[PDB]
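Take a look at the structure set out below.
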Amino acid sequence: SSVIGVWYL
Amino acid sequence: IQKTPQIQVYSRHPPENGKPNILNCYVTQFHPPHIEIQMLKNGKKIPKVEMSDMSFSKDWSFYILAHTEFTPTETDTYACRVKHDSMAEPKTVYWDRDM
Amino acid sequence: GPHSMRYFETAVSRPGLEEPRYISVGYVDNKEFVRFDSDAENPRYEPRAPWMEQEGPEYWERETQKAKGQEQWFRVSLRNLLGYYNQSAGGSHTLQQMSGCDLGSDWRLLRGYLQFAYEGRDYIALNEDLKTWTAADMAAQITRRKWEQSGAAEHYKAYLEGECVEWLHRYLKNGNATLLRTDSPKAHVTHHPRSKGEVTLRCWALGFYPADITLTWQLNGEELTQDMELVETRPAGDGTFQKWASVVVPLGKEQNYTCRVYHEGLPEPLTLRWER
């Protein structure tokens with residue numbers, strides 16, 4: 001199960 | 001900003017003249033991922049060459065396996081020609097049946 | 001035994017109006033098990049190992065939707081970086097990410113990983129404490145400040161200690177037999193002309209799995225590492241690997257050299273020498 005990004009770089 | 005590809009050209013199975021085999025061209029340690037890899041028979045581009053999907057290693061560099069059906073013979077020569085932005089000129093590696 | 005899971009993500013922008021290409025690959029014990037690629041006709045996560053066919057439609061749909069979000073997240077992040085690095089448009093750029101967990105012998109989390117690279121160089125990474133960040137250059141210090149303020153590390157810590165572990169355990173159960181399989185290498189020695197009275201003996205290991213293997217050449221039974229020629233382990237293309245090690249041996253004195261091959265599939269290390 002993959003992780004997702006929330007706040008952008 | 002970019003890494004210079006390492007190349008290995010070899011057969012999937014021990015070679016025997018006249019017997020169908022698969023010729024591989026394994027290219028690693030390059031960046032960016034865009035690259036042009038051609039496989040050659042007697043100086044001529046081989047039409048049907050398969051490319052594995054894009055993959056990268058823990059050091060961030062990319063690697064890919066190009067391969068094609070081929071029948072080694074006594075006189076035909078096979079090579080892999082690679083051109084990547086980290087190289088001023090394309091590099092051509094010939095298949096050696098002993099390696 | 002120890003185990004791991006990783007997701008390697010890549011976003012590449014290209015000249016033109018065309019959107020970046022987003023690719024995500026999942027690994028379990030360094031073995032590709034899932035993959036997503038925005039260039040595909042019907043873009044979605046697809047199984048890459050037979051044992052993943054055990055998962056139902058809601059799994060693929062949820063993973064596929066997460067990938068769609070990631071593809072947008074990477075587009076935004078790529079555009080943000082162009083500004084941090086003072087780069088104009090119309091160039092080619094690469095953003096990569098590696099995330100995942102390592103389980104120890106007790107199958108408890110041993111270490112969490114979350115790192116990014118830009119143009120192939122370290123950008124930012126979550127430290128082993130899963131609380132603080134290491135920024136590789138000035139631009140990344142911008143992201144570091146932004147994430148310390150937003151508390152992004154907490155989000156990644158929750159995933160690394162929770163979801164990552166939970167699913168790695170599930171995948172190990174589902175692909176149990178397959179993942180611990182071993183294909184022993186088939187070995188043989190070839191003899192090559194070389195130079196003046198000196199020949200080349202080459203020890204081949206073929207058709208093995210996993211890729212880990214060790215080849216050694218011995219002089220009368222005693223180790224011989226010095227002028228040994230090795231080749232990086234390589235994919236045969238059928239899922240197995242290959243590798244060889246050679247040495248130049250004085251003509252005639254062939255039968256005095258032995259090659260030893262060590263691999264997890266072997267009941268005992270292989271021992272062989274020039275035949276024929």
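We name chains A, B, ... by the order of the sequence lines, and we start the count at 1 in each one. Atoms considered below: every heavy atom in the structure, side chains included; atoms not considered: hydrogens, waters and symmetry mates.
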Verify the ring-centre separation between [Y] and [X]: is it less than 6.0 angstrom?
| X | Y | result |
| --- | --- | --- |
| B:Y63 | B:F56 | no |
| C:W73 | C:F116 | yes |
| C:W167 | C:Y59 | yes |
| C:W147 | A:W7 | no |
| C:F33 | C:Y27 | no |

Face-on cation placement of C:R234 at C:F241 ring, 6.0 Å and 45° thresholds: no
Does a side chain donor of either [X] or [Y] reach within less than 3.5 Å of an acceptor in the other side chain?
| X | Y | result |
| --- | --- | --- |
| C:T190 | C:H188 | no |
| C:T134 | C:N127 | yes |
| C:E61 | C:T64 | no |
| B:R97 | B:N17 | yes |
| C:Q96 | C:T10 | no |
| C:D137 | C:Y85 | yes |
| C:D129 | C:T132 | yes |
| B:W60 | C:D122 | yes |
| B:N21 | B:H13 | no |
| C:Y209 | C:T182 | no |
| C:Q141 | C:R144 | yes |
| C:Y156 | C:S99 | no |

Any donor-acceptor pair under 3.5 Å from [X] side chain to [Y] backbone:
| X | Y | answer |
| --- | --- | --- |
| C:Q70 | A:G5 | yes |
| C:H191 | C:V189 | no |
| C:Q242 | B:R12 | yes |
| B:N24 | B:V9 | no |
| C:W244 | B:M99 | yes |
| C:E254 | C:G252 | yes |
| C:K68 | C:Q72 | no |
| C:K66 | A:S2 | yes |
| C:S246 | C:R202 | no |
| B:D59 | B:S61 | yes |

Quiz: residues 268-276 of chain C side-chain donor-acceptor pairs under 3.5 angstrom, not counting sequence neighbours:
| unit_1 | atom_1 | unit_2 | atom_2 | d |
| --- | --- | --- | --- | --- |
| C:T271 | OG1 | C:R260 | NE | 3.3 |
| C:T271 | OG1 | C:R260 | NH2 | 3.1 |
| C:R273 | NE | C:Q255 | OE1 | 3.3 |

Criterion side chain to side chain contact (heavy atoms under 4.5 Å, CB included) on B:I35 and B:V27, from CA distance to verdict: CA-CA 10 Å; B:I35 195 166; B:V27 187; 3.8 Å; yes
side-chain hydrogen bond (donor to acceptor under 3.5 Å, both in side chains) evaluation trace for B:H84 with B:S86: CA-CA 5 Å; B:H84 182 264; B:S86 70; 2.9 Å; yes
Heavy atoms from other residues, nucleotides or ligands near NE2 of B:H34 exceed 12 (cutoff 6.0 Å): no
Atom OH of B:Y94: over 12 foreign heavy atoms under 6.0 Å: no
Positive for side chain to side chain contact (heavy atoms under 4.5 Å, CB included) with B:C25, one of B:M39, B:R81, B:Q8: B:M39
Closest heavy-atom pair and its distance - C:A135, C:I124: CA-CG1, 4.1 Å
Acceptor/donor pairs from residues 225-233 of chain C side chains to any protein atom, 3.5 angstrom cut, sequence neighbours excluded:
| unit_1 | atom_1 | unit_2 | atom_2 | d |
| --- | --- | --- | --- | --- |
| C:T233 | OG1 | C:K243 | NZ | 3.2 |

Stepwise side chain to side chain contact (heavy atoms under 4.5 Å, CB included) check, C:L130 with C:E161: CA-CA 9 Å; C:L130 305 189; C:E161 307 183 323; 4.0 Å; yes
Given C:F36, C:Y118, C:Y22, the one that forms ring pair (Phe, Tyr, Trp, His ring centres under 6.0 Å) with C:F74: C:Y22
Side-chain ion pair, C:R21 and C:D39, N-O less than 4.0 Å: yes
Sidechain N-carboxylate O distance under 4.0 Å for C:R48, C:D37: no
